[PDB]
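Heads up, the thing below is written out as structure tokens.
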Amino acid sequence: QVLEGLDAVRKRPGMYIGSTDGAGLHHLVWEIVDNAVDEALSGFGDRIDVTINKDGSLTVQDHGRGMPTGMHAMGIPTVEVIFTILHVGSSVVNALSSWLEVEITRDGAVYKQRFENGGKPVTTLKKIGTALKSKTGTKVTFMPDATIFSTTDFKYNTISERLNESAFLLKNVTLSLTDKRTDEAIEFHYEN
Ligand SMILES: Cc1cc(-c2cc(NC(=O)c3ccc(C(=O)O)cc3C)[nH]n2)cc(C(F)(F)F)c1
């Protein structure tokens with residue numbers, strides 16, 4: 001199992017997301033969302049909010065345990081290792097983004113790390129605020145790299161159908177989609 005840097009993704013994006021068109025662009029969304037969905041499936045968090053921001057970036061927020069805020073080796077945060085070393089989905093999104101921010105809430109603290117220009121960290125994982133102890137979760141916002149994708153326009157209907165399906169499969173978890181470009185919004189939630 002050979003590890004690689006993010007440059008490897010940027011030179012062969014098709015090998016990781018299939019293509020650099022609309023399909024590839026939306027694969028980025030699926031990778032980020034599936035991380036939140038996997039957490040909910042494990043029983044952590046009961047809503048997942050997706051937002052297409054007006055500047056074209058996309059946000060996904062869950063309310064699960066929150067990614068580990070501890071240190072890996074050499075003072076490098078565990079979360080930074082996940083976002084910068086290719087083994088998988090998260091580092092691929094980071095590599096193919098002109099910028100990305102991850103915000104973790106847990107243990108009464110809020111932490112943030114920002115990456116730019118293909119996943120280069122411009123900050124470390126720093127505490128930016130506090131919260132109630134009961135508050136937990138992970139939020140990731142990324143801007144897809146326009147120098148790589150032939151289109152960086154997220155399609156509301158495409159994402160809506162995917163989130164609907166993920167909601168039907170998950171059960172008892174609310175998934176929302178909000179389009180700040182057009183004010184459109186919808187929510188999905190299935191019982192059992
Ligand atoms: C939207 C989003 C959510 C998440 C994420 C990850 C978590 N949780 C874990 O990574 C997790 C939490 C706790 C424990 C533990 O053993 O206590 C383990 C893991 C893997 N929740 N949400 C991760 C990402 C990711 F992968 F960074 F892109 C994106």
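Letters for chains follow the order of the structure tokens (A, B, ...), residue numbers begin at 1 for each chain, and ligand numbers begin at 1 in the order shown.
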
Mind checking which residues fall within 9 Å of residue 28 (chain A), counting only C-alpha atoms, ignoring those fewer than 2 positions away in the same chain, and posting them as a PyMOL selection string?
chain A and resi 17+24-26+30-33+89-90+92-93+96+144

Dump the neighbourhood of ligand 1 as a ChimeraX atom specification: all residues within 8 Å, distances computed on only C-alpha atoms and all ligand atoms.
/A:31-36,38-39,44,60-68,79,82-83,89-91,93,102,137-140

Tell me, as a count of residues only, which residues lie within 9 Å of region 173-176 of chain A, counting only C-alpha atoms; anything in the same chain fewer than 3 positions away does not count.
23

Chain A: residues DSSP assigns to strand (DSSP E or B), reported as a CSV table (one decimal) with N, CA, C and O atoms, in the first residue's frame:
```
chain,number,residue,atom,x,y,z
A,4,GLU,N,0.6,8.5,-1.3
A,4,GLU,CA,1.0,9.5,-2.2
A,4,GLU,C,0.5,10.9,-1.7
A,4,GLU,O,-0.3,11.0,-0.9
A,47,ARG,N,-29.3,14.5,11.7
A,47,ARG,CA,-29.5,15.3,10.6
A,47,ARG,C,-28.2,15.7,9.8
A,47,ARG,O,-27.2,15.8,10.4
A,48,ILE,N,-28.3,15.8,8.5
A,48,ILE,CA,-27.2,16.2,7.7
A,48,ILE,C,-27.6,17.3,6.7
A,48,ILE,O,-28.4,17.1,5.8
A,49,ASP,N,-27.0,18.4,6.9
A,49,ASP,CA,-27.4,19.6,6.1
A,49,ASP,C,-26.3,20.0,5.0
A,49,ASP,O,-25.2,20.2,5.3
A,50,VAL,N,-26.8,20.0,3.8
A,50,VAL,CA,-26.0,20.4,2.7
A,50,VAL,C,-26.4,21.7,2.2
A,50,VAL,O,-27.6,22.0,2.0
A,51,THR,N,-25.4,22.6,1.9
A,51,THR,CA,-25.7,23.9,1.4
A,51,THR,C,-24.9,24.3,0.2
A,51,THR,O,-23.6,24.3,0.3
A,52,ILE,N,-25.5,24.6,-0.9
A,52,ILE,CA,-24.9,25.2,-2.0
A,52,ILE,C,-24.7,26.7,-1.8
A,52,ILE,O,-25.7,27.4,-1.9
A,58,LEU,N,-19.6,24.5,-1.6
A,58,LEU,CA,-20.6,23.6,-1.0
A,58,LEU,C,-20.2,23.2,0.4
A,58,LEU,O,-19.0,23.0,0.7
A,59,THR,N,-21.2,23.2,1.3
A,59,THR,CA,-21.0,22.9,2.7
A,59,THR,C,-21.8,21.6,3.0
A,59,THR,O,-23.0,21.4,2.6
A,60,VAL,N,-21.2,20.7,3.8
A,60,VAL,CA,-21.9,19.6,4.4
A,60,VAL,C,-21.6,19.6,5.9
A,60,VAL,O,-20.5,19.6,6.3
A,61,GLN,N,-22.7,19.5,6.7
A,61,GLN,CA,-22.6,19.5,8.1
A,61,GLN,C,-23.3,18.4,8.7
A,61,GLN,O,-24.5,18.2,8.4
A,71,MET,N,-3.5,14.7,17.8
A,71,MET,CA,-2.3,14.8,17.0
A,71,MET,C,-1.9,13.4,16.4
A,71,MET,O,-2.0,12.4,17.1
A,77,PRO,N,-1.8,17.4,13.1
A,77,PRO,CA,-3.1,16.9,13.5
A,77,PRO,C,-3.6,15.7,12.7
A,77,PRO,O,-3.3,15.6,11.5
A,86,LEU,N,-2.9,10.6,0.5
A,86,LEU,CA,-3.8,9.7,-0.4
A,86,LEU,C,-3.5,8.2,0.0
A,86,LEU,O,-2.3,7.8,-0.2
A,97,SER,N,-9.7,20.8,-4.8
A,97,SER,CA,-10.4,22.1,-4.4
A,97,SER,C,-9.4,23.2,-4.4
A,97,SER,O,-8.2,23.1,-3.9
A,98,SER,N,-9.8,24.4,-4.8
A,98,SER,CA,-9.0,25.6,-4.7
A,98,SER,C,-8.9,26.1,-3.2
A,98,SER,O,-8.0,26.8,-2.9
A,99,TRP,N,-9.9,25.7,-2.4
A,99,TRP,CA,-9.8,25.8,-1.0
A,99,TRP,C,-10.8,24.9,-0.3
A,99,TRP,O,-11.8,24.5,-0.8
A,100,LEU,N,-10.5,24.6,1.0
A,100,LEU,CA,-11.4,23.7,1.8
A,100,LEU,C,-11.2,24.0,3.3
A,100,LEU,O,-10.1,24.3,3.8
A,101,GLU,N,-12.3,24.0,4.0
A,101,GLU,CA,-12.3,24.2,5.4
A,101,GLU,C,-13.1,23.1,6.1
A,101,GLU,O,-14.2,22.8,5.8
A,102,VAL,N,-12.4,22.6,7.2
A,102,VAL,CA,-13.1,21.6,8.0
A,102,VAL,C,-13.3,22.2,9.4
A,102,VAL,O,-12.3,22.8,10.0
A,103,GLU,N,-14.5,22.1,9.9
A,103,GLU,CA,-14.8,22.6,11.3
A,103,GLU,C,-15.3,21.4,12.2
A,103,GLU,O,-16.3,20.8,11.8
A,104,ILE,N,-14.6,21.2,13.3
A,104,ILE,CA,-15.0,20.1,14.2
A,104,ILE,C,-15.5,20.7,15.5
A,104,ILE,O,-14.9,21.6,16.1
A,105,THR,N,-16.6,20.2,15.9
A,105,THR,CA,-17.2,20.5,17.3
A,105,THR,C,-17.2,19.3,18.2
A,105,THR,O,-17.9,18.3,17.8
A,106,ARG,N,-16.6,19.4,19.3
A,106,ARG,CA,-16.7,18.4,20.4
A,106,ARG,C,-16.0,18.8,21.6
A,106,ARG,O,-15.1,19.6,21.6
A,109,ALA,N,-15.4,22.5,22.6
A,109,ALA,CA,-14.6,23.3,21.7
A,109,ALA,C,-14.9,23.2,20.3
A,109,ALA,O,-15.5,22.2,19.8
A,110,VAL,N,-14.6,24.3,19.5
A,110,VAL,CA,-14.8,24.3,18.1
A,110,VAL,C,-13.4,24.5,17.4
A,110,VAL,O,-12.7,25.5,17.7
A,111,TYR,N,-13.0,23.6,16.5
A,111,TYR,CA,-11.7,23.6,15.9
A,111,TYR,C,-11.9,23.8,14.4
A,111,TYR,O,-12.8,23.3,13.8
A,112,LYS,N,-10.9,24.5,13.7
A,112,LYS,CA,-11.0,24.7,12.3
A,112,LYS,C,-9.6,24.6,11.6
A,112,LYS,O,-8.6,25.1,12.2
A,113,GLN,N,-9.5,24.0,10.5
A,113,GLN,CA,-8.3,24.0,9.6
A,113,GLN,C,-8.7,24.4,8.2
A,113,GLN,O,-9.7,23.9,7.7
A,114,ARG,N,-7.9,25.2,7.6
A,114,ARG,CA,-8.1,25.7,6.2
A,114,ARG,C,-7.0,25.2,5.3
A,114,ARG,O,-5.8,25.3,5.6
A,115,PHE,N,-7.4,24.7,4.1
A,115,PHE,CA,-6.5,24.3,3.1
A,115,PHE,C,-6.7,25.2,1.8
A,115,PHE,O,-7.8,25.6,1.5
A,116,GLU,N,-5.7,25.5,1.1
A,116,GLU,CA,-5.8,26.2,-0.2
A,116,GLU,C,-4.9,25.6,-1.3
A,116,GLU,O,-4.0,24.9,-1.1
A,120,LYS,N,-3.2,22.4,0.2
A,120,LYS,CA,-2.1,22.9,1.1
A,120,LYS,C,-2.6,23.6,2.3
A,120,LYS,O,-3.4,24.6,2.2
A,121,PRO,N,-2.3,23.1,3.5
A,121,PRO,CA,-2.7,23.8,4.7
A,121,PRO,C,-2.1,25.2,4.9
A,121,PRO,O,-0.9,25.3,4.9
A,126,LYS,N,-6.9,24.7,14.6
A,126,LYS,CA,-6.9,25.6,15.7
A,126,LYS,C,-8.3,25.8,16.3
A,126,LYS,O,-9.3,25.8,15.6
A,127,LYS,N,-8.3,25.9,17.6
A,127,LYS,CA,-9.6,26.2,18.4
A,127,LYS,C,-10.0,27.6,18.0
A,127,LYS,O,-9.3,28.6,18.3
A,128,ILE,N,-11.2,27.7,17.5
A,128,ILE,CA,-11.8,29.0,17.1
A,128,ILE,C,-12.9,29.5,18.0
A,128,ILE,O,-13.3,30.7,18.0
A,129,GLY,N,-13.3,28.6,18.9
A,129,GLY,CA,-14.4,29.0,19.8
A,129,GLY,C,-14.8,27.9,20.8
A,129,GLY,O,-14.2,26.8,20.8
A,130,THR,N,-15.9,28.1,21.5
A,130,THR,CA,-16.4,27.1,22.4
A,130,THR,C,-17.9,26.8,22.1
A,130,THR,O,-18.5,27.5,21.3
A,137,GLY,N,-20.1,17.4,16.1
A,137,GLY,CA,-20.3,17.3,14.7
A,137,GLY,C,-19.1,17.7,13.8
A,137,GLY,O,-18.1,18.2,14.3
A,138,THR,N,-19.3,17.5,12.5
A,138,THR,CA,-18.2,17.9,11.6
A,138,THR,C,-18.8,18.6,10.4
A,138,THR,O,-19.9,18.3,9.9
A,139,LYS,N,-18.2,19.7,10.0
A,139,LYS,CA,-18.6,20.5,8.9
A,139,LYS,C,-17.5,20.7,7.9
A,139,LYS,O,-16.4,21.1,8.3
A,140,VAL,N,-17.7,20.5,6.6
A,140,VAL,CA,-16.7,20.7,5.6
A,140,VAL,C,-17.3,21.5,4.5
A,140,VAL,O,-18.4,21.3,4.0
A,141,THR,N,-16.5,22.6,4.2
A,141,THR,CA,-16.9,23.5,3.0
A,141,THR,C,-15.7,23.5,2.0
A,141,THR,O,-14.6,23.7,2.4
A,142,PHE,N,-16.0,23.2,0.8
A,142,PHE,CA,-15.0,23.3,-0.2
A,142,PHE,C,-15.4,24.0,-1.5
A,142,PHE,O,-16.5,24.0,-1.9
A,143,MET,N,-14.4,24.6,-2.1
A,143,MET,CA,-14.5,25.2,-3.4
A,143,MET,C,-13.8,24.4,-4.5
A,143,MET,O,-12.6,24.3,-4.4
A,144,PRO,N,-14.6,23.8,-5.4
A,144,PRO,CA,-14.0,22.9,-6.4
A,144,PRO,C,-13.0,23.7,-7.3
A,144,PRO,O,-13.3,24.9,-7.7
A,174,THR,N,-32.7,13.0,9.0
A,174,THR,CA,-33.1,14.1,8.1
A,174,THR,C,-31.9,14.6,7.3
A,174,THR,O,-30.8,14.8,7.8
A,175,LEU,N,-32.1,14.6,6.0
A,175,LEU,CA,-31.1,15.3,5.1
A,175,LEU,C,-31.7,16.5,4.4
A,175,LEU,O,-32.9,16.4,3.9
A,176,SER,N,-31.0,17.6,4.4
A,176,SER,CA,-31.5,18.8,3.8
A,176,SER,C,-30.6,19.3,2.7
A,176,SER,O,-29.4,19.0,2.7
A,177,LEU,N,-31.2,20.1,1.8
A,177,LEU,CA,-30.5,20.7,0.7
A,177,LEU,C,-31.0,22.2,0.6
A,177,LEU,O,-32.2,22.4,0.5
A,178,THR,N,-30.1,23.1,0.7
A,178,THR,CA,-30.4,24.5,0.5
A,178,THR,C,-29.5,25.2,-0.5
A,178,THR,O,-28.3,25.1,-0.5
A,179,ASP,N,-30.2,25.8,-1.5
A,179,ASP,CA,-29.5,26.5,-2.6
A,179,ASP,C,-29.5,28.0,-2.3
A,179,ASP,O,-30.5,28.7,-2.5
A,185,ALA,N,-35.0,25.2,-1.4
A,185,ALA,CA,-34.7,24.3,-0.3
A,185,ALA,C,-35.6,23.1,-0.2
A,185,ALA,O,-36.8,23.2,-0.7
A,186,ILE,N,-35.1,22.0,0.4
A,186,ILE,CA,-35.9,20.8,0.5
A,186,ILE,C,-35.3,20.0,1.7
A,186,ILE,O,-34.1,20.1,2.0
A,187,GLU,N,-36.1,19.1,2.3
A,187,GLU,CA,-35.7,18.2,3.3
A,187,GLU,C,-36.3,16.8,3.1
A,187,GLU,O,-37.4,16.7,2.7
A,188,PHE,N,-35.5,15.8,3.5
A,188,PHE,CA,-35.9,14.4,3.3
A,188,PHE,C,-35.8,13.7,4.7
A,188,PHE,O,-34.8,13.9,5.4
```

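The interatomic distance for the pair CA of residue 7 (chain A) and CA of residue 148 (chain A) works out to 12.6 Å.
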
Atomic separation - CA of residue 88 (chain A) relative to CA of residue 8 (chain A), Å:
12.8 Å

Based on the backbone DSSP call, show me all residues of region 4-119 of chain A assigned helix (DSSP H, G or I), as a ChimeraX atom specification.
/A:6-11,14-17,22-41,78-84,89-95

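One finds CA of residue 150 (chain A) at 6.3 Å from CA of residue 20 (chain A).
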
At a cut-off of 7 Å, using only C-alpha atoms, what residues contact residue 95 (chain A)? Leave out same-chain residues fewer than 3 positions from it and give the result as a PyMOL selection string.
chain A and resi 6+9-10+91-92+118-119

Residue with smallest distance to residue 80 (chain A) - pool A:42, A:123, A:172, A:53, counting only C-alpha atoms
A:123
